[PDB]
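Presented as structure tokens, the chain that follows is alone, the form deposited in one PDB entry.
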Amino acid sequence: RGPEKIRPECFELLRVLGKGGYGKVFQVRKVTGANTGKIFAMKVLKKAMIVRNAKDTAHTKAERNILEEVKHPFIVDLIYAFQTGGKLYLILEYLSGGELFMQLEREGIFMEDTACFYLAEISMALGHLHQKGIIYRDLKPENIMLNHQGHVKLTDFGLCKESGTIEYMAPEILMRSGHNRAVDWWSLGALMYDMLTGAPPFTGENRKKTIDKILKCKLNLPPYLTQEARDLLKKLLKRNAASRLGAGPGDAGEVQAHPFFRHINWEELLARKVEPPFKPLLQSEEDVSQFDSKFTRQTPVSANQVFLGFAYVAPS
């Protein structure tokens, strides 16, 4: 009758929220114990195929470490982690807010007032990650999600699906020519562009024809963008990594100091007091409204180290 064991049978599968090559994300209801009835996302990974690849294991382990060590309002919160013989289980907060760039489709385009807010929250998350010496690397629209209140939550610190996109990669990533944290500020620029124009800054016909447009780095500024937004984009989307904004020791502070964010109260923003442009309806805590419908039912289908000490219960 001591501390709760927290095995897979503590959760009821409600629905699929996404499938990948390495595993699945479910919406789950905890059915016994400390949060009996609360809704989580359950990420389930296949140990056997993770350990078949170094880079894959590296990402898994890193994530498991990041989500224990790094806790921030705009970063997904890990609640439990555990494992069985063949599977790894991560229990994160269920982010009923869905993807942010899913709104981009119904808006067509984000207004600068709106995009700013979300870029502002994202930047604060990126800034904290860098402070802990973590670079997020392959940042893309898919990764930005929203909580029940509609605030930004970064996610996907581990593996990829399929076993993705490349137009949000900085040039120095595609060249494989080494990269510092300045790589994440490019991604912010490319996300800003996507928000304010609908699609990525540079896009081609195929795998390598796309790369060429990114390497050449040609600014396609639409006239409706304000002076400041034009300036910030040409400062975030610089080819030369050293010349990029936020590349210097200023980092996030350097970015956040730009006139584009002149209206952001950072204290209130971080405290999540500023009302977000889009607050998603409720009608429940288990609402999957903006998680579209490729997903339904519920079914989960000796070198054990070192997922050794994988177990975790969040102190909160």
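Residue numbers here begin at 1 and follow the sequence given. Only residues modelled in both forms are compared. What we label the rigid core is the largest C-alpha set whose atoms superpose within 1.5 Å from one form to the other.
- Gaps at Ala58 occur in at least a third of the other compared entries of the protein that contain both adjacent residues.
- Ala48, present in the displayed chain, goes without coordinates in a third or more of the other PDB entries compared that cover both sides of it.
- Unmodelled residues of the deposited sequence between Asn220 and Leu221: none, the chain being continuous.
- Deposited sequence between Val301 and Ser302: 10 or more residues lack coordinates.
- Look at the C-alpha B-factors of 186-194 and of 236-244. On average they run higher in 236-244.
- If you average the C-alpha B-factors over 39-47 and over 264-272, the higher value belongs to 264-272.
- Of the residues listed, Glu172, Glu142, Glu93, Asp156, the entry assigns the biggest Cα temperature factor to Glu172.
- The entry lists C-alpha B-factors for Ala125, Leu88, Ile166, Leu119, and the highest of these is at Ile166.
- Per the deposited record, the Cα B-factor of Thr32 falls in the middle third when ranked against the other modelled residues of its chain.
- Among the modelled residues of its chain, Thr203 has a C-alpha B-factor that falls in the highest third, as given in the PDB entry.
- When the modelled residues of the chain are ordered by C-alpha B-factor, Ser289 sits in the highest third.
- Looking at the C-alpha B-factors along this chain, the one for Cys160 belongs to the highest third.
- Among all modelled residues in its chain, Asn53 ranks in the middle third by Cα B-factor.
Although it is not shown, the form deposited in another entry is what the next lines describe.
- Considering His151, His179, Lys238, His128, one residue stands apart with a C-alpha shift of at least 2 Å between the shown form and the other one following superposition on the core, and it is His179.
- If you fit the rigid core between the shown form and the other one, you'll see the Cα of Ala229 move by less than 2 angstroms.
- Once the rigid core is overlaid between the shown form and the other one, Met169 counts among the residues whose Cα shifts by 2 Å or more.
- The gap between the Cα atoms of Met124 and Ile173 is larger in the other entry, by no less than 3 Å, than in this form.
- Between the C-alpha atoms of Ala170 and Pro200, a gap widened by no less than 3 Å is obtained in the other entry, as opposed to the form on display.
- Core superposition between the shown form and the other one reveals the following runs of 3 or more residues with every CA shifted by 2 angstroms or more: 20-23, 158-162, 164-179.
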